[PDB]
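Shown next: query.pdb, given as PDB, N, CA, C and O atoms.
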```
ATOM      1  N   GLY A   1     157.203 105.128  90.937
ATOM      2  CA  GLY A   1     157.064 105.910  92.151
ATOM      3  C   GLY A   1     156.521 105.094  93.306
ATOM      4  O   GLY A   1     155.320 104.829  93.379
ATOM      5  N   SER A   2     157.406 104.693  94.214
ATOM      6  CA  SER A   2     157.009 103.896  95.369
ATOM      7  C   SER A   2     157.017 104.742  96.639
ATOM      8  O   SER A   2     157.901 105.573  96.840
ATOM      9  N   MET A   3     156.022 104.523  97.494
ATOM     10  CA  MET A   3     155.914 105.263  98.746
ATOM     11  C   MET A   3     156.954 104.784  99.753
ATOM     12  O   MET A   3     157.246 103.591  99.839
ATOM     13  N   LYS A   4     157.511 105.720 100.513
ATOM     14  CA  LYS A   4     158.518 105.393 101.516
ATOM     15  C   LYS A   4     157.866 104.880 102.795
ATOM     16  O   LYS A   4     156.667 105.060 103.009
ATOM     17  N   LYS A   5     158.663 104.239 103.645
ATOM     18  CA  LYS A   5     158.164 103.702 104.905
ATOM     19  C   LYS A   5     157.445 104.780 105.709
ATOM     20  O   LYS A   5     156.553 104.482 106.504
ATOM     21  N   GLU A   6     157.837 106.032 105.497
ATOM     22  CA  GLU A   6     157.227 107.153 106.202
ATOM     23  C   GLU A   6     155.930 107.584 105.523
ATOM     24  O   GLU A   6     154.996 108.041 106.181
ATOM     25  N   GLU A   7     155.883 107.434 104.203
ATOM     26  CA  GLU A   7     154.700 107.808 103.435
ATOM     27  C   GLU A   7     153.669 106.683 103.439
ATOM     28  O   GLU A   7     152.482 106.913 103.203
ATOM     29  N   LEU A   8     154.131 105.467 103.710
ATOM     30  CA  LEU A   8     153.250 104.305 103.746
ATOM     31  C   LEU A   8     152.148 104.488 104.785
ATOM     32  O   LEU A   8     150.962 104.382 104.471
ATOM     33  N   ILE A   9     152.548 104.768 106.021
ATOM     34  CA  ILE A   9     151.593 104.970 107.104
ATOM     35  C   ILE A   9     150.891 106.317 106.974
ATOM     36  O   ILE A   9     149.787 106.506 107.486
ATOM     37  N   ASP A  10     151.537 107.251 106.283
ATOM     38  CA  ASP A  10     150.972 108.580 106.083
ATOM     39  C   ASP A  10     149.844 108.543 105.057
ATOM     40  O   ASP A  10     148.786 109.140 105.259
ATOM     41  N   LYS A  11     150.076 107.838 103.955
ATOM     42  CA  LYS A  11     149.080 107.721 102.896
ATOM     43  C   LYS A  11     147.791 107.103 103.428
ATOM     44  O   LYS A  11     146.711 107.673 103.279
ATOM     45  N   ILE A  12     147.913 105.934 104.049
ATOM     46  CA  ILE A  12     146.758 105.240 104.605
ATOM     47  C   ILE A  12     146.106 106.060 105.713
ATOM     48  O   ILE A  12     144.891 106.005 105.908
ATOM     49  N   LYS A  13     146.920 106.820 106.437
ATOM     50  CA  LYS A  13     146.424 107.654 107.524
ATOM     51  C   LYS A  13     145.350 108.616 107.026
ATOM     52  O   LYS A  13     144.335 108.827 107.689
ATOM     53  N   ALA A  14     145.582 109.196 105.852
ATOM     54  CA  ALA A  14     144.632 110.133 105.263
ATOM     55  C   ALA A  14     143.658 109.416 104.336
ATOM     56  O   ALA A  14     142.570 109.917 104.056
ATOM     57  N   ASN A  15     144.057 108.241 103.858
ATOM     58  CA  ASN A  15     143.219 107.457 102.959
ATOM     59  C   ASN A  15     142.140 106.709 103.736
ATOM     60  O   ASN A  15     141.116 106.319 103.177
ATOM     61  N   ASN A  16     142.378 106.512 105.028
ATOM     62  CA  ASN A  16     141.427 105.811 105.883
ATOM     63  C   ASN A  16     140.170 106.647 106.100
ATOM     64  O   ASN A  16     139.079 106.268 105.676
ATOM     65  N   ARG A  17     140.332 107.788 106.762
ATOM     66  CA  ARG A  17     139.211 108.679 107.035
ATOM     67  C   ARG A  17     138.665 109.278 105.742
ATOM     68  O   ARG A  17     137.694 110.036 105.759
ATOM     69  N   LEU A  18     139.294 108.934 104.624
ATOM     70  CA  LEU A  18     138.873 109.438 103.323
ATOM     71  C   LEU A  18     137.365 109.290 103.143
ATOM     72  O   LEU A  18     136.739 110.052 102.405
ATOM     73  N   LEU A  19     136.789 108.306 103.825
ATOM     74  CA  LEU A  19     135.353 108.058 103.743
ATOM     75  C   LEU A  19     134.564 109.252 104.272
ATOM     76  O   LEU A  19     133.931 109.977 103.507
ATOM     77  N   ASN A  20     134.608 109.449 105.586
ATOM     78  CA  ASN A  20     133.898 110.556 106.217
ATOM     79  C   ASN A  20     132.401 110.473 105.935
ATOM     80  O   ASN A  20     131.835 111.340 105.269
ATOM     81  N   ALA A  21     131.765 109.424 106.447
ATOM     82  CA  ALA A  21     130.334 109.229 106.254
ATOM     83  C   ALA A  21     129.615 109.078 107.590
ATOM     84  O   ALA A  21     128.670 109.811 107.884
ATOM     85  N   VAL A  22     130.068 108.124 108.396
ATOM     86  CA  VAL A  22     129.467 107.877 109.702
ATOM     87  C   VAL A  22     130.328 108.455 110.820
ATOM     88  O   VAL A  22     129.866 109.274 111.614
ATOM     89  N   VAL A  23     131.584 108.021 110.877
ATOM     90  CA  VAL A  23     132.511 108.496 111.897
ATOM     91  C   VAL A  23     133.311 109.694 111.398
ATOM     92  O   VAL A  23     134.421 109.948 111.865
ATOM     93  N   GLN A  24     132.740 110.425 110.447
ATOM     94  CA  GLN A  24     133.401 111.596 109.884
ATOM     95  C   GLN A  24     133.535 112.700 110.928
ATOM     96  O   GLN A  24     134.397 113.570 110.819
ATOM     97  N   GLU A  25     132.673 112.658 111.940
ATOM     98  CA  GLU A  25     132.694 113.657 113.002
ATOM     99  C   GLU A  25     133.610 113.219 114.142
ATOM    100  O   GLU A  25     134.147 114.049 114.875
ATOM    101  N   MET A  26     133.782 111.908 114.284
ATOM    102  CA  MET A  26     134.634 111.360 115.333
ATOM    103  C   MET A  26     136.074 111.224 114.850
ATOM    104  O   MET A  26     137.011 111.638 115.534
ATOM    105  N   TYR A  27     136.244 110.642 113.668
ATOM    106  CA  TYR A  27     137.571 110.448 113.095
ATOM    107  C   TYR A  27     138.280 111.786 112.901
ATOM    108  O   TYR A  27     139.506 111.870 112.991
ATOM    109  N   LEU A  28     137.501 112.828 112.635
ATOM    110  CA  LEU A  28     138.052 114.163 112.429
ATOM    111  C   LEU A  28     138.566 114.748 113.741
ATOM    112  O   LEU A  28     139.161 115.826 113.760
ATOM    113  N   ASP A  29     138.334 114.030 114.834
ATOM    114  CA  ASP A  29     138.776 114.476 116.150
ATOM    115  C   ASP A  29     140.291 114.360 116.283
ATOM    116  O   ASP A  29     140.799 113.444 116.929
ATOM    117  N   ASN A  30     141.008 115.292 115.665
ATOM    118  CA  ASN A  30     142.466 115.293 115.712
ATOM    119  C   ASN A  30     142.964 115.448 117.147
ATOM    120  O   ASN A  30     144.098 115.093 117.463
ATOM    121  N   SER A  31     142.104 115.982 118.010
ATOM    122  CA  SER A  31     142.458 116.187 119.410
ATOM    123  C   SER A  31     142.037 114.990 120.257
ATOM    124  O   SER A  31     141.861 115.105 121.471
ATOM    125  N   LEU A  32     141.878 113.842 119.610
ATOM    126  CA  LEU A  32     141.478 112.622 120.302
ATOM    127  C   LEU A  32     142.466 111.492 120.029
ATOM    128  O   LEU A  32     143.210 111.527 119.048
ATOM    129  N   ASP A  33     142.467 110.490 120.901
ATOM    130  CA  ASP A  33     143.361 109.347 120.753
ATOM    131  C   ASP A  33     142.980 108.514 119.532
ATOM    132  O   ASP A  33     141.831 108.097 119.388
ATOM    133  N   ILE A  34     143.952 108.279 118.657
ATOM    134  CA  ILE A  34     143.718 107.498 117.449
ATOM    135  C   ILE A  34     142.858 106.273 117.744
ATOM    136  O   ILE A  34     141.967 105.924 116.970
ATOM    137  N   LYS A  35     143.129 105.625 118.872
ATOM    138  CA  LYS A  35     142.379 104.441 119.274
ATOM    139  C   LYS A  35     140.942 104.804 119.636
ATOM    140  O   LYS A  35     140.004 104.085 119.293
ATOM    141  N   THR A  36     140.778 105.925 120.331
ATOM    142  CA  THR A  36     139.457 106.383 120.740
ATOM    143  C   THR A  36     138.501 106.438 119.552
ATOM    144  O   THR A  36     137.446 105.806 119.563
ATOM    145  N   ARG A  37     138.880 107.196 118.529
ATOM    146  CA  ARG A  37     138.057 107.334 117.333
ATOM    147  C   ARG A  37     138.052 106.039 116.526
ATOM    148  O   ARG A  37     137.052 105.695 115.894
ATOM    149  N   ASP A  38     139.172 105.326 116.553
ATOM    150  CA  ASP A  38     139.296 104.070 115.824
ATOM    151  C   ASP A  38     138.153 103.122 116.175
ATOM    152  O   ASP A  38     137.576 102.478 115.298
ATOM    153  N   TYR A  39     137.830 103.044 117.461
ATOM    154  CA  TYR A  39     136.758 102.173 117.928
ATOM    155  C   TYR A  39     135.462 102.453 117.173
ATOM    156  O   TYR A  39     134.923 101.576 116.496
ATOM    157  N   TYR A  40     134.967 103.679 117.295
ATOM    158  CA  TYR A  40     133.733 104.075 116.627
ATOM    159  C   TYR A  40     133.843 103.878 115.118
ATOM    160  O   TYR A  40     132.836 103.784 114.418
ATOM    161  N   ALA A  41     135.076 103.815 114.624
ATOM    162  CA  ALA A  41     135.320 103.626 113.200
ATOM    163  C   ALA A  41     135.229 102.152 112.819
ATOM    164  O   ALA A  41     136.004 101.665 111.995
ATOM    165  N   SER A  42     134.278 101.447 113.422
ATOM    166  CA  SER A  42     134.089 100.027 113.148
ATOM    167  C   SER A  42     133.035  99.818 112.064
ATOM    168  O   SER A  42     133.102  98.861 111.295
ATOM    169  N   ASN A  43     132.063 100.722 112.012
ATOM    170  CA  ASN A  43     130.993 100.638 111.024
ATOM    171  C   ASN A  43     131.521 100.940 109.624
ATOM    172  O   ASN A  43     131.186 100.249 108.661
ATOM    173  N   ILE A  44     132.347 101.975 109.520
ATOM    174  CA  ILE A  44     132.922 102.367 108.239
ATOM    175  C   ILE A  44     134.170 101.550 107.925
ATOM    176  O   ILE A  44     134.900 101.850 106.978
ATOM    177  N   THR A  45     134.411 100.516 108.724
ATOM    178  CA  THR A  45     135.571  99.655 108.530
ATOM    179  C   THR A  45     135.749  99.294 107.060
ATOM    180  O   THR A  45     136.870  99.102 106.589
ATOM    181  N   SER A  46     134.636  99.203 106.339
ATOM    182  CA  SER A  46     134.669  98.862 104.922
ATOM    183  C   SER A  46     135.700  99.709 104.182
ATOM    184  O   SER A  46     136.299  99.265 103.204
ATOM    185  N   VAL A  47     135.900 100.935 104.659
ATOM    186  CA  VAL A  47     136.858 101.845 104.045
ATOM    187  C   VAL A  47     138.187 101.831 104.792
ATOM    188  O   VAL A  47     139.237 102.127 104.220
ATOM    189  N   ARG A  48     138.136 101.482 106.074
ATOM    190  CA  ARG A  48     139.335 101.429 106.900
ATOM    191  C   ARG A  48     140.235 100.271 106.478
ATOM    192  O   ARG A  48     141.440 100.445 106.296
ATOM    193  N   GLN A  49     139.641  99.093 106.326
ATOM    194  CA  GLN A  49     140.389  97.907 105.927
ATOM    195  C   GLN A  49     141.208  98.177 104.668
ATOM    196  O   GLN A  49     142.325  97.684 104.525
ATOM    197  N   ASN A  50     140.641  98.964 103.758
ATOM    198  CA  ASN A  50     141.318  99.299 102.511
ATOM    199  C   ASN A  50     142.747  99.763 102.774
ATOM    200  O   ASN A  50     143.698  99.241 102.192
ATOM    201  N   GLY A  51     142.891 100.747 103.657
ATOM    202  CA  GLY A  51     144.207 101.265 103.983
ATOM    203  C   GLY A  51     144.914 100.430 105.032
ATOM    204  O   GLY A  51     146.066 100.035 104.848
ATOM    205  N   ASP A  52     144.227 100.162 106.136
ATOM    206  CA  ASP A  52     144.796  99.370 107.219
ATOM    207  C   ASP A  52     145.416  98.083 106.684
ATOM    208  O   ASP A  52     146.389  97.575 107.238
ATOM    209  N   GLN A  53     144.842  97.561 105.604
ATOM    210  CA  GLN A  53     145.338  96.332 104.995
ATOM    211  C   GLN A  53     146.741  96.532 104.432
ATOM    212  O   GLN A  53     147.602  95.661 104.564
ATOM    213  N   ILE A  54     146.964  97.681 103.804
ATOM    214  CA  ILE A  54     148.263  97.994 103.223
ATOM    215  C   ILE A  54     149.315  98.207 104.307
ATOM    216  O   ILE A  54     150.493  97.907 104.111
ATOM    217  N   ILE A  55     148.879  98.726 105.451
ATOM    218  CA  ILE A  55     149.783  98.975 106.567
ATOM    219  C   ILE A  55     150.665  97.763 106.844
ATOM    220  O   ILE A  55     151.860  97.899 107.102
ATOM    221  N   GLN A  56     150.066  96.577 106.787
ATOM    222  CA  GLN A  56     150.797  95.340 107.031
ATOM    223  C   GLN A  56     151.468  94.844 105.754
ATOM    224  O   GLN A  56     152.597  94.353 105.785
ATOM    225  N   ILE A  57     150.764  94.973 104.634
ATOM    226  CA  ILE A  57     151.291  94.537 103.347
ATOM    227  C   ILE A  57     152.693  95.090 103.111
ATOM    228  O   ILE A  57     153.615  94.350 102.768
ATOM    229  N   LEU A  58     152.847  96.397 103.300
ATOM    230  CA  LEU A  58     154.137  97.050 103.111
ATOM    231  C   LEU A  58     155.089  96.718 104.256
ATOM    232  O   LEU A  58     156.308  96.810 104.109
ATOM    233  N   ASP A  59     154.525  96.330 105.393
ATOM    234  CA  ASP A  59     155.324  95.980 106.563
ATOM    235  C   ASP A  59     155.978  94.613 106.385
ATOM    236  O   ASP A  59     157.108  94.395 106.821
ATOM    237  N   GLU A  60     155.259  93.698 105.742
ATOM    238  CA  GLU A  60     155.770  92.352 105.509
ATOM    239  C   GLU A  60     156.721  92.330 104.315
ATOM    240  O   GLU A  60     157.757  91.668 104.346
ATOM    241  N   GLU A  61     156.357  93.059 103.264
ATOM    242  CA  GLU A  61     157.176  93.122 102.060
ATOM    243  C   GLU A  61     158.332  94.102 102.237
ATOM    244  O   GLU A  61     159.422  93.899 101.704
ATOM    245  N   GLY A  62     158.084  95.170 102.991
ATOM    246  CA  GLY A  62     159.112  96.167 103.226
ATOM    247  C   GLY A  62     158.942  97.391 102.349
ATOM    248  O   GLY A  62     158.517  97.285 101.198
ATOM    249  N   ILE A  63     159.274  98.557 102.893
ATOM    250  CA  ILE A  63     159.155  99.807 102.153
ATOM    251  C   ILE A  63     160.526 100.338 101.745
ATOM    252  O   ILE A  63     161.532 100.046 102.392
ATOM    253  N   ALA A  64     160.557 101.118 100.671
ATOM    254  CA  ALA A  64     161.803 101.693 100.180
ATOM    255  C   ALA A  64     162.081 103.042 100.833
ATOM    256  O   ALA A  64     161.462 104.048 100.488
ATOM    257  N   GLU A  65     163.015 103.056 101.780
ATOM    258  CA  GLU A  65     163.372 104.282 102.483
ATOM    259  C   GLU A  65     164.887 104.438 102.570
ATOM    260  O   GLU A  65     165.630 103.464 102.442
TER     261      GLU A  65
END
```
Kindly present the structure from the file in structure tokens form.
Amino acid sequence: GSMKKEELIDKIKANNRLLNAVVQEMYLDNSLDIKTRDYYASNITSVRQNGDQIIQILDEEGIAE
């Protein structure tokens, strides 16, 4: 079971904020610019890199769609 190019960014999208510890109140700002909350999401980066890292991994290797 491999994730599709559409599910690749979707999985990490929800897997990123999966932390919800420090920027759990900012990242949850669905009515805010992804970049806006992304900035404050620098402290919890420890959890962001986890997914953000795959974003490129699947981009370089390619996704099955």
Enclose range 7-13 of chain A, meaning all of its atoms listed in the file, in a box aligned along x, y and z, pad it by 5 Å on each side, and list the centre and edge lengths in Å to one decimal, as AutoDock Vina command-line options.
```
--center_x 150.1 --center_y 106.7 --center_z 105.3 --size_x 21.5 --size_y 14.8 --size_z 14.8
```
From A:36, A:43, A:56, A:50, residue lying nearest residue 23 in chain A [only C-alpha atoms]: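 Checking each candidate against residue 23 in chain A, we get A:43 as the closest.
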The PyMOL selection byres ((chain A and resi 27) around 8) resolved against shown file, as a ChimeraX atom specification: /A:13,17,20,22-26,28-34,36-38,40-41
Answer key for the PyMOL selection byres ((chain A and resi 47) around 8), residues as a list in words: residues 12, 15, 16, 17, 18, 19, 41, 42, 43, 44, 45, 46, 48, 49, 50, 51, 52 and 53 of chain A
Take atom C of residue 64 in chain A and atom C of residue 10 in chain A and report the distance between them in Å, one decimal.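 So the answer is 14.1 Å.
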All alpha helix (DSSP H) residues (DSSP, backbone) inside range 2-49 of chain A, as number ranges by chain: A: 5-16, 34-40, 45-49
Straight-line distance linking atom C of residue 8 in chain A with CA of residue 62 in chain A, stated in Å to one decimal: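 Computing the Euclidean distance for atom C of residue 8 in chain A and CA of residue 62 in chain A yields 11.0 Å.
Atom pair CA of residue 7 in chain A / CA of residue 57 in chain A: separated by 13.7 Å.
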